[PDB]
């Protein structure tokens, strides 16, 4: 029986943001959402998020997150940010007075923490019969962390905050993860003895460690060797670094599973993205939101895809796209823009300097050059000539061949197997197998250049 508290009621002033700290994203989820996803998988009996000033904005998200995860998450309010010890007290209030289970506390800014590390904590806690067990780690750069103070016999004495530490303390590299397990009575008891006479004038949760030692209670430090699993984010430097570490882990799982990633340093893949066996990812690529790539694809350099479904054997090169689907063996790019609701059939082609929006394009149909396709539906095995525009609903059939420089003025229907000559403004329906035209005939004006640009380099008409 376990209750988990997530402290998320801090101001987050070190982020320098009008967006609440806990809502800043990495790999496609807010920090808060990474933290709640980890804990949901542990399924504690109770789950409590402490909110503060920003509560009106954060509480709804947490609401949505609880439906997604199919459990109840309670919200407890901390009206002023009096410190992490004060934040725990606020959390406990949403538990019954007689609650007997263990209490786990973690922060809203520790976004790589995972169900495993959580479960190892709880087991260690029950195993050693600890009143408090605290996760620790060691780091080349311990700045801004609580430091772990041990006695001569390796006993944990206390945790000392960065602001409160001696210059000699501070050199300590074993750090506080800010993830704890407590016996609830021991914990209620220690919180009442907290005073705020320290460098920041706050009620520090970390002071509970020395307080329980006073009472001769058992204090256990549980070292986590993978430091990143418990790294915190307090500013945008630490956010980006953890984003970068998380992204390497995600790239690696995909490589181990059969994806070639030429350049992981410049390949960003969100947490929910799937990729098929033997696809190749070239440098400078972001695969974002719920993007899915099938097998044996080529995802070319300099491509950004957000919520795009790409089938097997497709090629997607220097393309910027969202909410769109691209079929098996289709060719997209280079220099192509897909806007939401684009659906490209299997073996379709969207080519260089082509933009598509809210349009359906059938099997094997090609839109290869310099064209805009908006609010249109196109059949199968059709060819849309270069430098054309769908001027926004237009229906084009199958096996159609439209000529370069055609403007399709919505709404207009072009029948199966119809043609359009180069330079046509289509304003009326075109029967199947008709040719539609509008351009006047060529006239050559002889010796225009001698007459109207005399002495120019072009009077090499001589």
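Rigid core: the largest C-alpha set superposing within 1.5 Å between the two forms. Positions refer to the first chain, counted from 1.
Taking the rigid core as the alignment reference, the C-alpha atoms of 167 to 175 lie farther on average from the displayed form in 7 other deposited structures of this protein than those of the other stretch among 167 to 175 and 353 to 361.
In terms of root mean square C-alpha deviation after superposing on the rigid core in 7 other deposited structures of this protein, the stretch standing farther out between 319 to 327 and 152 to 160 is 152 to 160.
The entry models residue 392 and residue 393 with a gap of 4 to 9 deposited residues left without coordinates. With 330 to 338 and 92 to 100 compared on mean CA B-factor from the PDB entry, the stretch scoring higher is 92 to 100. Higher average CA B factor: 178 to 186, of the stretches 308 to 316 and 178 to 186. Highest C-alpha temperature factor among 229, 298, 376, 122, as the PDB entry reports it: 122. Residue-level inspection of the entry shows that, of 277, 249, 236, 170, 170 has the top Cα B-factor. For residue 370, the recorded CA B-factor ranks within the lowest third of the chain. Only modelled residues enter the ranking.
Residue 43: CA B factor lies in the highest third for its chain, per the PDB record. Sort the modelled residues of the chain by CA B factor and residue 272 lands in the middle third. Annotation for residue 86: CA B-factor lies in the middle third of the chain's modelled residues.
Per-chain ranking of the deposited C-alpha B factor places residue 355 in the lowest third.
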